[PDB]
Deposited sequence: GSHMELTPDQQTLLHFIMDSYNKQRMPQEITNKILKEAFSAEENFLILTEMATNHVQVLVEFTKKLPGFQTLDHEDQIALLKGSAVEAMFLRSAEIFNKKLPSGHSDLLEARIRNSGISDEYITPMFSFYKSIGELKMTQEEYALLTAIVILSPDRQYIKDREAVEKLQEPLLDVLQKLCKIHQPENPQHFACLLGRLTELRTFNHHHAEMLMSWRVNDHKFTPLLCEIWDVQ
């Protein structure tokens, strides 16, 4: 079995827009150079989350049919997915992108940034569970698009229009599981398992913000 030309096209548009992302050299130099203090560590995470929201908006705009949605619905989707997309992208970087010694330095900074262990422990557990699935770049891209195009977010006016965009992405993802892992029929179910685990970070993050150093304009505005 294979993807239809229509599904191959949809996948290519998602993949091209996903691979455009890159961690700015400036931020990576800060991870290496900045002093090891709670204040400097917190600011590094702030710069990382601000960069991600910009990267997230650019990726979202390129999602097939996203631009054809009502303008208010476009904003409500961005707002509702911001936190989940952040944790998913942070899981990818942890299990891939950052070097062995460089990721050890970033982990040291996260564990000394003023974030309570009540929030650090489910975060690193999620990173490990994601790592266990050995997700392909196609799976990370499609899962991010599925998270963004969630028809059950608050304040969407035309939910059916969003469903029409998300259903083909779930179809493609399930087909890619059947093609690339035919011996593991529960692979798609495990991917859905990370989606529900992602939803819990909405409450973990909202509680974390309620505990309190301030925010960036993209942060407490997309985070409410």
| message | Should a student be asked to find the unmodelled regions, what ranges of the deposited sequence would be the right answer here? | response | 1-3, 216-219, 232-233
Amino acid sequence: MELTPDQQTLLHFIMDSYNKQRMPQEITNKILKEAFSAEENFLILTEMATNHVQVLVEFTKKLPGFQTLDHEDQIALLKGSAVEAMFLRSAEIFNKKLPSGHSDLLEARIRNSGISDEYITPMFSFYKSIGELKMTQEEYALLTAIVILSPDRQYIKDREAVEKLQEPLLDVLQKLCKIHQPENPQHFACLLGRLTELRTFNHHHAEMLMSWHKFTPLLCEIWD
From here on, numbers count along this sequence of modelled residues.
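Just so we're on the same page, rigid core means the largest C-alpha set that superposes within 1.5 Å between forms.
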| task | Find the stretch among 108-116 and 84-92 with the larger RMS C-alpha deviation in 9 other deposited structures of this protein, all structures being superposed on the shown form by the rigid core. | result | 108-116
| task | Overlaying the structures in 9 other deposited structures of this protein on the rigid core, point out which of 26-34 and 48-56 has the bigger RMS C-alpha shift. | result | 26-34
| field | Stretch exceeding the other in mean C-alpha B-factor - 34-42, 48-56 | value | 34-42
| Stretch with the greater mean C-alpha B-factor as recorded in the entry, comparing 146-154 against 99-107 | 99-107
| request: Please work out which residue in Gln67, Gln174, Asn184, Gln166 has the highest C-alpha B-factor recorded for this crystal structure. | output: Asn184
| message | Quiz for you: based on the deposited Cα B-factor, which of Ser81, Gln74, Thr121, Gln137 is highest? | response | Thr121
| Third of chain Cα B-factors occupied by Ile115 | highest
| message | Ranking every modelled residue in this chain by its Cα temperature factor as given in the entry, which third contains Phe215? | response | highest
